[PDB]
Structures are given as C-alpha cells and as structure tokens.
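One chain comes next, on its own, written as structure tokens: the form deposited in one PDB entry.
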C-alpha cells in the first residue's frame, strides 16, 4: 500500500557531475521500529528509453502503485542519450549503472542477494536491460526487456531529435559484432557459460520493433536459452509500458 517516493541528486564519481535519480521504497514495519532488524527489499533497476529520464515512469505510469503492492523497491536512473554505453565522446554511462546499483544497495535497505534483484526497461532501456543481463548476469536473477531494440543498428541509425550516434560509437563503422550488439553479447555469454537471468520479453504487436523482437526470441530458442515472451495489442508508448510493467512486476516478485 504505502511507500516512499524519493528524488536524489548526487555528484557521481563515475560521470563527473551532479545527476538526478529516483527511488520507490515501499514501507516495511521494520523501517519504523528501532529495535528490529531492517528487512531488505527486493529491488528492480528500471531503465528509461530515448528522450525519457528519471521522472518519466512516475509521470506516465502508475509504477509506484504496482511496486508498493508487491513490496518492490524500484531504482530509476537517468542516462540521457547514451544507450547505456560508455560513450566514445561523452559519459561513462555503462559504468554509471553499476555505480548506481552499488550506491543504492549501500545506502538503502535493499537486498544484495542475486535472487532478489531484477532489471527491466523499455525501448533504449530494453536494449540496456539485455546488455546488462548478458554482461552482469551475476547481479540480477531476472531481466525484462520491454519493446526492446535488439538489432543495435536500428537504434544507432534512428534519426531522433538531437540524437548523436557518433557520441556513442565514435570511430566504429558498424555496431555488428561489437560490445554494442546484443547478438554478440548473447553469443559471448553462451560461449563463456555466463549466468543469464531469467528472461521475460514483452512487446506490443503494433510496435515497430515487434519483428525485431520476434527475431531475437527465435535466436534464443536456437541456442537453448529459455525465455518467456508475451505480446498482444500495444504500440510504442507509455499506455503499453504502464500495463507491461505492471505484468512484469507481478512476474518478477513471484519466483
């Protein structure tokens, strides 16, 4: 039912600047009793898409209502137009997500057990989610890409307002086969027998990335990596992501 909505602005050693972060911290009885041990909460790292920021899930969905119902802490960082990369000409935004993870688990009552930690996000943030799932599989038991970009070239080549592809990839001529390519990261994770979080992939059938989502899950099936895929009516918008994140939160906290 009740929780805390928290806005934090701290000077990040990784990206060299003050940066805003938002946190949903559902209430627990132990948080109000100085005689009892704090019960650490299950925790979701939740990644915004391109043009969104740390405020937009709160504004355009009812995520705090869903999170409070399931006692799930939610961490919402801001990564600008970075695509969750350590940018060639810009900020170290991949490392920044690792810093945020460590920081909030140190200063808040969040469980540090892998089974209690999840990651999710939409569009550019679903791309970010799969990138972290395949390279930081020891940190998250479950990962939920929503309406994700899996073929990196479609996001690097998109002509969105003020977006600079070169800020991210620099001198790279293509992203295929680089750290920016989720298919390469997947091949590397399997080849090196890394832990892959349990995967729930969701995408609206009217989304322009729907075919891209179908291509990725087919490849997952061909390399014997399990996943759950949920589709249905929905487009590339927060009307879909509001309903999708509600369904995702129920899925992540039940197992």
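Residue numbers count along the first chain shown, from 1. Throughout, rigid core stands for the largest set of C-alpha atoms superposing within 1.5 Å between the two forms.
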| query | finding |
| --- | --- |
| Which of 205 to 213 and 60 to 68 has higher mean CA B factor, as the PDB entry lists it | 205 to 213 |
| Stretch with the greater mean C-alpha B-factor as recorded in the entry, comparing 95 to 103 against 142 to 150 | 142 to 150 |
| Deposited CA B-factor, highest of 118, 108, 127, 163 | 163 |
| Which of 167, 76, 133, 185 ranks first by CA B-factor in the deposited coordinates | 167 |
| Residue 176 by Cα B-factor - lowest, middle or highest third of the modelled chain | highest |
| Modelled-residue ranking by C-alpha temperature factor, third containing residue 200 | middle |
| Where the record places residue 43 (Cα B-factor, split into thirds across the chain) | lowest |
| Among modelled residues of the same chain, the CA temperature factor third for residue 249 | middle |
| Record-listed C-alpha B factor of residue 155: chain third | highest |
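What comes next is about the form deposited in another entry, which is not displayed.
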| query | finding |
| --- | --- |
| 2 Å-or-more CA mover between this form and the one not shown, where superposition uses the core and the choices are 102, 157, 138, 115 | 157 |
| Threshold 2 Å Cα movement between this form and the one not shown at residue 185, rigid core reference | no |
| Shift of residue 91 between this form and the one not shown at or above 2 Å (CA, core fit) | yes |
| C-alpha of residue 72 off by 2 Å or more between this form and the one not shown on rigid core | no |
| Cα separation of residue 56 and residue 158 in the other form versus here, shift of 3 Å or more | closer |
| Relative Cα spacing, residue 171 and residue 181, in the other form - shift of 3 Å or more | closer |
